[PDB]
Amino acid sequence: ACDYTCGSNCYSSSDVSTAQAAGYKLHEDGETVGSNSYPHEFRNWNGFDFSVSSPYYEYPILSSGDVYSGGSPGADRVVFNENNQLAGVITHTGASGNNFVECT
């Protein structure tokens, strides 16, 4: 099985690291990309029990394996914190409204 499965997208740990790394660089630099300004704070309204400290930040992870650069973000997000630690991988797919479910 894939390291991470979001909806029908299969992601490896390196895929996640790659998206995480792109998101983190933008974060430490105070910059963003896309009409929705990624990365931005992940509010965790769904109450996921992450083991790393908050605040959390979400950055899109794309089904093409490409690093997000401002297009349509799709449903998948990697969540990380200012210590550059991976909090988790989440997706809108399978959820209702603006809610999220953790990828499996």
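Start at 1 and count along the sequence shown; that's the residue number.
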May I ask you to compare 24 to 32 and 55 to 63 by their mean CA B factor in the entry and name the higher one?
24 to 32
So, looking at the entry's B-factor column for Cα atoms, which has the higher mean, 43 to 51 or 74 to 82?
43 to 51
Looking at the temperature factor on the CA atom of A1, which third of the chain's modelled residues does it land in?
highest
Comparing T93 with the other modelled residues of its chain, is its CA B-factor in the lowest, middle or highest third?
lowest
